[PDB]
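Notes for the one structure printed next.
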There are 2 protein chains.
Amino acid sequence: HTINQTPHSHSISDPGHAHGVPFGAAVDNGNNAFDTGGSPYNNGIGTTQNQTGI
Amino acid sequence: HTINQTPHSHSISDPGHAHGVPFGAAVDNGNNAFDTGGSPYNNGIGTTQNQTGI
């Protein structure tokens with residue numbers, strides 16, 4: 001018998017996620033890491049918009 | 001009738017996603033947040049690696 005198939009897609013369940021920034025400065029010389037200030041306040045800074053390899 | 005079936009896989013349609021980092025310090029005392037600055041340049045700092053849970 002001949003099959004009559006139409007393409008199908010699956011719905012995705014997406015619990016959120018987040019990454020860590022483990023680069024806090026212990027010394028003052030160098031640009032290797034980020035200076036640790038000590039006051040929680042949201043300045044305007046995000047990340048690069050990069051996809052996920054799945 | 002008997003079905004002759006092989007496993008199939010779908011392609012994803014990943015659009016870029018960007019997080020945010022709200023830990024900008026207002027006082028340079030303590031290590032709770034990050035001190036702010038004026039001119040942004042890429043100093044080679046990236047987030048950590050972690051699987052998105054989907």
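In the structure tokens, each chain is lettered A, B, ... as it comes, each chain's residues begin at 1, and ligands are numbered from 1 in order of appearance.
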Hey, which bits of chain B sit within 6 Å of chain A, and for each residue what's the closest pair of atoms and how far apart in Å (one decimal), counting only C-alpha atoms, rows by chain and increasing number, as CSV?
residue,atom,partner,partner_atom,distance
B:16,CA,A:51,CA,4.5
B:17,CA,A:49,CA,5.0
B:18,CA,A:49,CA,4.4
B:19,CA,A:47,CA,5.7
B:20,CA,A:46,CA,4.1
B:21,CA,A:46,CA,5.6
B:22,CA,A:42,CA,4.0
B:23,CA,A:40,CA,5.3
B:24,CA,A:41,CA,5.3
B:25,CA,A:39,CA,4.2
B:26,CA,A:39,CA,5.4
B:27,CA,A:39,CA,5.8
B:28,CA,A:37,CA,4.2
B:29,CA,A:38,CA,5.4
B:30,CA,A:38,CA,4.3
B:31,CA,A:38,CA,4.5
B:32,CA,A:38,CA,3.8
B:33,CA,A:38,CA,4.3
B:34,CA,A:36,CA,4.4
B:35,CA,A:37,CA,4.4
B:47,CA,A:21,CA,5.1
B:48,CA,A:20,CA,5.4
B:52,CA,A:17,CA,5.6
B:53,CA,A:15,CA,5.9
B:54,CA,A:14,CA,4.6
Fill in: Residue contacts of residue 3 of chain A (12 Å, only C-alpha atoms) excluding same-chain residues fewer than 2 positions away, as a PyMOL selection string
(chain A and resi 1+5-6) or (chain B and resi 3-5)
Give me a file of those residues, with N, CA and C atoms, as a PDB file, in the first residue's frame.
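Produced file part-v7.pdb, reproduced below:
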ATOM      1  N   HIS A   1       0.833  -1.190   0.000  1.00  0.00           N
ATOM      2  CA  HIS A   1       0.000   0.000   0.000  1.00  0.00           C
ATOM      3  C   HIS A   1       0.873   1.247   0.000  1.00  0.00           C
ATOM      4  N   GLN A   5       1.939  10.568   3.947  1.00  0.00           N
ATOM      5  CA  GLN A   5       2.464  11.157   5.172  1.00  0.00           C
ATOM      6  C   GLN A   5       2.678  12.651   4.985  1.00  0.00           C
ATOM      7  N   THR A   6       2.257  13.429   5.978  1.00  0.00           N
ATOM      8  CA  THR A   6       2.482  14.858   6.087  1.00  0.00           C
ATOM      9  C   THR A   6       3.488  15.137   7.198  1.00  0.00           C
TER      10      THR A   6
ATOM     11  N   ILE B   3       4.718  -2.914   8.858  1.00  0.00           N
ATOM     12  CA  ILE B   3       5.348  -1.623   8.615  1.00  0.00           C
ATOM     13  C   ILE B   3       6.856  -1.803   8.678  1.00  0.00           C
ATOM     14  N   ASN B   4       7.552  -1.334   7.647  1.00  0.00           N
ATOM     15  CA  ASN B   4       9.008  -1.246   7.655  1.00  0.00           C
ATOM     16  C   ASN B   4       9.374   0.200   7.961  1.00  0.00           C
ATOM     17  N   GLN B   5       9.813   0.448   9.190  1.00  0.00           N
ATOM     18  CA  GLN B   5      10.051   1.799   9.672  1.00  0.00           C
ATOM     19  C   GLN B   5      11.467   1.919  10.207  1.00  0.00           C
TER      20      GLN B   5
END
